[PDB]
Number of protein chains: 2
Amino acid sequence: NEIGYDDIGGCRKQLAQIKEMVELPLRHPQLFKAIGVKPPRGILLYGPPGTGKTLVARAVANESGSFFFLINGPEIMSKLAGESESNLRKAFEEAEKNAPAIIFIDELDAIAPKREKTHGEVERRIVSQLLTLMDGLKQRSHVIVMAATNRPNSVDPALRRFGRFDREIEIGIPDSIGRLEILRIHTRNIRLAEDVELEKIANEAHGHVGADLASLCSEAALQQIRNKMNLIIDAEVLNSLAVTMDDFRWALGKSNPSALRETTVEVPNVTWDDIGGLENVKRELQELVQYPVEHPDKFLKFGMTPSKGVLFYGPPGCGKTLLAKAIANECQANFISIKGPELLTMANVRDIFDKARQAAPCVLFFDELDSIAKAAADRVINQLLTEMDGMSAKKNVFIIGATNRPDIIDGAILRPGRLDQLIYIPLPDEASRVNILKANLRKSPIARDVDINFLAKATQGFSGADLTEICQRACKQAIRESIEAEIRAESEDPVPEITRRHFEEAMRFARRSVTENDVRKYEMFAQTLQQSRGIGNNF
Amino acid sequence: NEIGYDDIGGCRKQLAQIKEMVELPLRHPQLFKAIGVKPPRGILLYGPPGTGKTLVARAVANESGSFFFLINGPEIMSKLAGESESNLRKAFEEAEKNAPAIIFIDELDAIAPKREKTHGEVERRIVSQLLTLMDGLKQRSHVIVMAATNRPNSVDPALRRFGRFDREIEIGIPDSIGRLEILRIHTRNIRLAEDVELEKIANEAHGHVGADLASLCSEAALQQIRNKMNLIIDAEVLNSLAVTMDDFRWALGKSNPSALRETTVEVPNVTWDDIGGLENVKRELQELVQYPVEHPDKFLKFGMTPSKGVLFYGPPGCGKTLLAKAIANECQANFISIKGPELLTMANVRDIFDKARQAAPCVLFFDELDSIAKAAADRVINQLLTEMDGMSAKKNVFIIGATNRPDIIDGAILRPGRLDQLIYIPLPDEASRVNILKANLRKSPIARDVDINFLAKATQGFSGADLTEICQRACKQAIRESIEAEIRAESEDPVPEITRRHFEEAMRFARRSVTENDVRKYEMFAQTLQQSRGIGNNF
Ligand SMILES: Nc1ncnc2c1ncn2[C@@H]1O[C@H](COP(=O)(O)OP(=O)(O)OP(O)(O)=S)[C@@H](O)[C@H]1O
Ligand SMILES: Nc1ncnc2c1ncn2[C@@H]1O[C@H](COP(=O)(O)OP(=O)(O)OP(O)(O)=S)[C@@H](O)[C@H]1O
Ligand SMILES: Nc1ncnc2c1ncn2[C@@H]1O[C@H](COP(=O)(O)OP(=O)(O)OP(O)(O)=S)[C@@H](O)[C@H]1O
Ligand SMILES: Nc1ncnc2c1ncn2[C@@H]1O[C@H](COP(=O)(O)OP(=O)(O)OP(O)(O)=S)[C@@H](O)[C@H]1O
Ligand SMILES: [Mg+2]
Ligand SMILES: [Mg+2]
Ligand SMILES: [Mg+2]
Ligand SMILES: [Mg+2]
């Protein structure tokens, strides 16, 4: 029952990073003496609630082999004024007496809030004592101080300094692969039916931290019990209890994960095959994003630093969002998406650029920039420009912007050193429209009588989103006939695929979302955005 | 006199959940052992004041069969600091000593306010002690901690974490059926006249929580006593005391319920019969809302996910609110209505979307969107967009918007994934007008000389609101004639039905509300909203 590294999933990188700082010095002390390293003695784990950073603490407690002392934030603050000071002092004194040792301070924000913003005098005295104790740890003393907080910005800045907590590890939101690892860990003692495919549950559990995935496994078991209890304890029933995929899907539907609104920094699942049409832009994006990462030596050879800012602009529904996700996928680079409405609803723009820096190859995408232009907006745009200037081209963070309104985009964002690579995403041509329909219909069963070539030549001027709407309306016709066919059978297989007749009905009321007059305006700005940075038509 | 489950009405599902989480593990521990799920240990009951959560606590205390300890937040906070700390500690200690046990903390917000926003130090110490005690409950110990608050957002977020009050049950505003149940519960010991129909009172008591209904019964009985005494104790008078429907209606008229301004999440009472002539829109809304819920298998089969966003637009007074209510009714889905003025009058949009998520099949309606456009407005619209983008299409929450001003609707709301299903609600045609008049006159007696076809022919270009106005004017004419006839009879039924002369009088000054020029503009915007998302007529 004792927790170990095997009970933690989704943070393989972080655990190895912790081991290198807690276990490796003790196993091989001569490595650090040989090279002259100052091994870290302050480690701060941070991340949203439920990510498993108290679990990591329990793992290090039971695996490090060094004396472990656990300080709980609320426990210290629940004591009287004098007794909270003594417990902190006794914590460090015992650690130095039993070196090597690890002091773990869970819920550091409870002990060490910002002194400027702290009201009580006793609380501020505890923060001061912790700083004194942290500074009182001699280099000889083999004492590593670990801390965990889900509010890192609420901690006193003095503690996040050299010599004090100076190494920060993010136990963040797990990705799809990590979610599967957690589910496997939490289903080891739960009977599962043969139809349970935890891979699908992991892929569908967006926004779920390990704490949420633990609840999901628990709830699915209860739903299994509910089904049996409702029908009905006989031993046959007890031996027939096995969580089925239906229970997991029921649990996933009712689940309300706590990390839905957190920014995601995972590699997207969109590939080139999801776009297809924009061949030239694919090649251009590879050179702008892929080459600096894969072939950094060649750029050093030719002596010119790559520009790491791009701007997609064009008519709505032409794949600007898909392109940003596909390129990050090809490079296997993290992807942060910040839609324009999110920016306006929000020192938080600085955090986004901080997250992008932590993700070493990262594509930082600012979608729907037209919202800022159509609009706080001045503060948001100026903050973006300052952060872009603070992002060096030598760091593998690529900034991409997308706008459906190149007519109202501030020229400061196009300045060299900023989104100066201007890529125009036009309406698809007939050949492109064929590929878009093929891409959209991959998952759908289509009858042999459907000619995508005919659809492409009928959807002249149709944006990529419009073509998706035709497919959606084609499927709805198939579902309608499927339901009607089922009623006839019950009241007295029938439609297995999406036939041509469905597409005929789908295209009856279809109209292009971008008018030819609008296309003329977009083609005008394909020639004048580069020149929309001086006086222009303002005088 | 002891309170039990029979004394609680309206919250049947919540009581079932509480039984499953409290009683069922003890009856069949082997049932949980077999499937490897550990029952929960923290339950938070939340809801507006008076909904019966203290009543639920009393019921569980008298029915669970496990040691029950009650902690009243005001009682703890009325004691000195050490006394309050000792009382909490003793509560938890006694609960652990007499397991299985339930600790109920009534008014948890009084004990555990947000520490950042708490001024005193003793309060913070109490909150920290509560957290420590919650974390000190071992898995082996069979202690379930329950808490009740009418201000869940005022509770310390740390207490709503995993391993803490991690399961929340909403004891919310009862619906008509629940109101009838509560009224029946509270009329068990009150003598009722044979003419008392509690169903009508329950239907008419909008915004009444159980406490308001208890007060309503008490006030009706007081009104009966008052009426009897005003005439006048003789035993005949005492035995003639029976609450009549007049007393209940008087009490209901004088009652001022506390939950009037709370958002309602009930299934609406509007059916298709209240609309009539919008058959194509009815079928479309069925396909959009009902099919995903009833036939998810077909959507998964054809491989394309359904869009969960709709936008009604068209001339004013044509039935956009009625359509949303009726579609919510047909699917038996919960309905939340938020009007534009409400949004502008308000971190609360997130609350609306959370409520929508809790109601599993829910139609979230944003009516009178023209108010935002005519206007805080930017913040509201950006929050709406962000929340729409956070609502996955795999969850059965459907978002509908209605606007009488398609000319000033922000294009971001029409983006694919957002309210991209644009449905146009035109002025009714002659047959639609006939159906509207038939629907509006169902409850009203009408003379056989009234020809609805003639009215429909005369009301060319009239909206549904105008036809309802015509009906209201006819009824006013009938009431006036009835009053005049009554006066004549008293000073010396004559008007049993609404004759065609009344309709002739009503139609005399009736004019259409949507001009033909406005009809032309609406018909044009029926072609250009899909295209109002790029440059458009801005350059
Ligand atoms: N990465 C993970 N791998 C496996 N189980 C996990 C993981 N993260 C969370 N869990 C489970 O969910 C529980 C969450 O508890 P904690 O680890 O204390 O969460 P946390 O990281 O401490 O977040 P806070 O800030 O303390 S609320 C754990 O006890 C595990 O049972
Ligand atoms: N080239 C394309 N290939 C395949 N699908 C496409 C393409 N362009 C657009 N789509 C579809 O249209 C949807 C929206 O496209 P996006 O990638 O968001 O382009 P966009 O520039 O963001 O336009 P909007 O304003 O967001 S609709 C995608 O999710 C696809 O379903
Ligand atoms: N669902 C219900 N069924 C029956 N009676 C109810 C119900 N809800 C309230 N009542 C009655 O109204 C009284 C007040 O309800 P309480 O449960 O005491 O208040 P509450 O739900 O705790 O709200 P707060 O937040 O404590 S003011 C109860 O004692 C009952 O007499
Ligand atoms: N198709 C209809 N069938 C029956 N009654 C209708 C119809 N359209 C409108 N009405 C009547 O008019 C009232 C107002 O209609 P709504 O449902 O509010 O339509 P609307 O789109 O909201 O227009 P407004 O601006 O709110 S009046 C309803 O309560 C009905 O009494
Ligand atoms: Mg923790
Ligand atoms: Mg997009
Ligand atoms: Mg109460
Ligand atoms: Mg309305």
# chains A, B, ... in the order shown; residues from 1 in each chain; ligands from 1
$ closest_atom_pairs --of "chain B" --to "ligand 8" --cutoff "9 Å" --atoms "only C-alpha atoms and all ligand atoms" --output "tab-separated table"
residue	atom	partner	partner_atom_place_in_ligand_line	distance
B:316	CA	ligand 8	1 (Mg)	8.1
B:317	CA	ligand 8	1 (Mg)	6.8
B:318	CA	ligand 8	1 (Mg)	8.2
B:319	CA	ligand 8	1 (Mg)	6.6
B:320	CA	ligand 8	1 (Mg)	5.8
B:321	CA	ligand 8	1 (Mg)	4.3
B:322	CA	ligand 8	1 (Mg)	7.0
B:367	CA	ligand 8	1 (Mg)	6.7
B:368	CA	ligand 8	1 (Mg)	7.0
B:402	CA	ligand 8	1 (Mg)	8.0
$ interface_residues --of "chain A" --to "chain B" --cutoff "6 Å" --atoms "only C-alpha atoms" --output "list in words"
residues 74, 75, 78, 189, 190, 191, 218, 341, 404, 405, 443, 444, 513 and 514 of chain A
$ write_last_selection --atoms "N, CA and C atoms" --output "CSV table (one decimal), in the first residue's frame"
chain,number,residue,atom,x,y,z
A,74,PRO,N,-1.1,23.9,6.5
A,74,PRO,CA,-2.2,24.1,7.5
A,74,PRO,C,-1.9,23.6,8.9
A,75,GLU,N,-1.2,22.5,9.0
A,75,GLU,CA,-0.8,22.0,10.3
A,75,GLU,C,0.0,23.0,11.1
A,78,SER,N,-2.3,25.9,12.0
A,78,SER,CA,-3.4,25.6,12.9
A,78,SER,C,-2.9,25.7,14.3
A,189,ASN,N,-6.6,-2.5,-9.1
A,189,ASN,CA,-7.4,-3.2,-8.2
A,189,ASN,C,-8.9,-3.1,-8.5
A,190,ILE,N,-9.2,-2.8,-9.7
A,190,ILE,CA,-10.6,-2.7,-10.1
A,190,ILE,C,-10.8,-3.7,-11.3
A,191,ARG,N,-11.9,-4.6,-11.1
A,191,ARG,CA,-12.2,-5.5,-12.1
A,191,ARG,C,-12.7,-4.8,-13.4
A,218,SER,N,-13.3,5.6,-9.7
A,218,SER,CA,-14.2,5.3,-8.6
A,218,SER,C,-15.7,5.4,-9.0
A,341,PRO,N,-10.5,36.3,-27.7
A,341,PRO,CA,-11.5,36.6,-26.6
A,341,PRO,C,-10.9,36.2,-25.2
A,404,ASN,N,-8.8,37.1,-39.4
A,404,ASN,CA,-9.7,37.2,-40.5
A,404,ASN,C,-9.9,38.7,-41.0
A,405,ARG,N,-9.3,39.6,-40.3
A,405,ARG,CA,-9.5,41.0,-40.6
A,405,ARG,C,-8.1,41.7,-40.7
A,443,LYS,N,-13.2,9.7,-41.7
A,443,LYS,CA,-13.9,8.9,-40.7
A,443,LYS,C,-15.3,8.4,-41.1
A,444,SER,N,-15.9,9.0,-42.1
A,444,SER,CA,-17.2,8.7,-42.4
A,444,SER,C,-17.3,7.7,-43.5
A,513,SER,N,-19.5,31.3,-47.8
A,513,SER,CA,-19.4,32.3,-46.7
A,513,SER,C,-18.6,33.5,-47.0
A,514,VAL,N,-17.8,33.4,-48.0
A,514,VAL,CA,-16.9,34.6,-48.4
A,514,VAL,C,-17.4,35.0,-49.8
$ select_by_dssp --residues "stretch 171-312 of chain B" --states "helix (DSSP H, G or I)" --output "NGL selection string"
:B and (176-186 or 198-204 or 210-231 or 235-239 or 245-254 or 272-274 or 279-294 or 296-302)
$ residues_near_ligand --ligand "ligand 5" --cutoff "9 Å" --atoms "only C-alpha atoms and all ligand atoms" --output "VMD selection string"
chain A and resid 49 to 55 57 106 to 107 148 to 150
$ write_last_selection --atoms "N, CA and C atoms" --output "compact mmCIF listing (two decimals), in the first residue's frame"
# COMPACT_ATOMS: atom_id res chain seq x y z
N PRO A 49 -4.22 22.01 -8.93
CA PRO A 49 -4.60 21.02 -7.92
C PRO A 49 -4.80 19.64 -8.52
N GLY A 50 -4.42 18.62 -7.75
CA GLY A 50 -4.69 17.24 -8.10
C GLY A 50 -3.69 16.60 -9.03
N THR A 51 -2.57 17.25 -9.33
CA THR A 51 -1.63 16.75 -10.32
C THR A 51 -0.67 15.71 -9.77
N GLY A 52 -0.65 15.49 -8.45
CA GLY A 52 0.16 14.44 -7.88
C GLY A 52 1.51 14.90 -7.38
N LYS A 53 1.55 16.06 -6.73
CA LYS A 53 2.81 16.55 -6.18
C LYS A 53 2.94 16.27 -4.69
N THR A 54 1.83 16.00 -4.01
CA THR A 54 1.92 15.35 -2.70
C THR A 54 2.23 13.87 -2.86
N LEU A 55 1.71 13.26 -3.92
CA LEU A 55 2.03 11.87 -4.22
C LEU A 55 3.52 11.70 -4.49
N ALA A 57 5.82 13.56 -3.23
CA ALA A 57 6.45 13.70 -1.92
C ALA A 57 6.44 12.38 -1.16
N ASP A 106 4.58 20.88 2.44
CA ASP A 106 3.38 20.81 1.63
C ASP A 106 2.52 22.04 1.88
N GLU A 107 1.92 22.55 0.81
CA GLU A 107 1.13 23.78 0.87
C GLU A 107 1.98 24.93 1.40
N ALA A 148 5.80 22.14 -2.12
CA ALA A 148 4.76 21.97 -3.11
C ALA A 148 3.71 23.06 -2.92
N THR A 149 3.30 23.67 -4.02
CA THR A 149 2.27 24.70 -3.98
C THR A 149 1.50 24.70 -5.30
N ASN A 150 0.18 24.84 -5.21
CA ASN A 150 -0.64 25.04 -6.40
C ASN A 150 -0.86 26.51 -6.70
$ calpha_fit_rmsd --fixed "chain B" --moving "chain A"
0.2 Å
$ residues_around --residues "residue A:506" --least-positions-apart "6" --cutoff "6 Å" --atoms "only C-alpha atoms" --output "JSON, numbers by chain"
{"A": [470, 473, 474]}
$ write_last_selection --atoms "N, CA, C and O atoms" --output "short mmCIF file (atom, residue, chain, number, x, y, z; two decimals), in the first residue's frame"
data_model
loop_
_atom_site.label_atom_id
_atom_site.label_comp_id
_atom_site.auth_asym_id
_atom_site.auth_seq_id
_atom_site.Cartn_x
_atom_site.Cartn_y
_atom_site.Cartn_z
N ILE A 470 -21.12 21.06 -45.40
CA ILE A 470 -21.79 20.17 -46.35
C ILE A 470 -21.73 18.74 -45.86
O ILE A 470 -22.72 18.00 -45.90
N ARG A 473 -24.10 18.29 -42.92
CA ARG A 473 -25.48 18.27 -43.42
C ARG A 473 -25.71 16.98 -44.20
O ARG A 473 -26.84 16.54 -44.21
N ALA A 474 -24.70 16.43 -44.85
CA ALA A 474 -24.82 15.13 -45.52
C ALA A 474 -25.00 14.01 -44.50
O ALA A 474 -25.80 13.10 -44.72
#
